[PDB]
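2 protein chains.
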Amino acid sequence: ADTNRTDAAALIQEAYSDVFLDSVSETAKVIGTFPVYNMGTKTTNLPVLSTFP
Amino acid sequence: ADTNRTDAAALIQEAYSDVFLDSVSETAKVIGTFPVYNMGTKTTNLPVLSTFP
Numbered sequence: 002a003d004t005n006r007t008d009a010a011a012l013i014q015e016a017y018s019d020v021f022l023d024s025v026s027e028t029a030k031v032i033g034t035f036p037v038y039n040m041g042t043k044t045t046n047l048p049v050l051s052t053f054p
Numbered sequence: 002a003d004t005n006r007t008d009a010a011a012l013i014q015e016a017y018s019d020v021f022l023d024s025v026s027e028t029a030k031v032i033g034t035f036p037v038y039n040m041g042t043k044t045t046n047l048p049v050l051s052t053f054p
């Protein structure tokens, strides 16, 4: 006879690991790749040149 | 041949001013005018002489 793993089982803890959770927040790929402007109010006016000399 | 204010318009932002911006005035007067009693409970009884011999 021997003390089996099933006999000792109450003596044995499970563990925990986060390896399959994401390590970092995503971001909008448009924010990552196009120019970003920090707005101070709901509407910003942006002039564009339309015709020239 | 001349440019104009209409051609240049997208270059021309409007200003903002507080000169006529007034908050509401405190027009309330009975608490400053009349005798004030600081109530300590929902109801206060005021005995008065009603009739005399």
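For the protein sequence lines, the chains are G and F, in the order given. According to PDB author numbering, numbering within the first sequence proceeds without interruption in unit steps and concludes at 54. According to PDB author numbering, numbering within the second sequence proceeds without interruption in unit steps and concludes at 54. Beta carbons are placed, not taken as given, at the ideal position from N, Cα and C, and that holds for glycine.
Per the Cβ contact rule, the region 5–19 of chain F is in contact with the region 38–48 of chain G (3 or more Cβ pairs under 8 Å). Only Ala-11, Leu-12, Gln-14 from the region 7–28 of chain F bring a Cβ to less than 8 Å from some Cβ of chain G. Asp-19(F) and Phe-35(F) have their C-alpha atoms some 36 Å from each other. Non-local beta-carbon contacts of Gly-33(F) in its own chain, meaning distances under 7 Å to residues more than five positions away in sequence, are absent.
When 9 Å is used as the limit between beta carbons, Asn-46(G) is near these residues of chain F: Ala-11, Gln-14, in chain order.
Distance from the CA of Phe-53(F) to the CA of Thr-28(F), rounded to the nearest whole angstrom, comes to 43 Å.
Closer than 9 Å to the CB of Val-31(G) there is not a single CB belonging to chain F.
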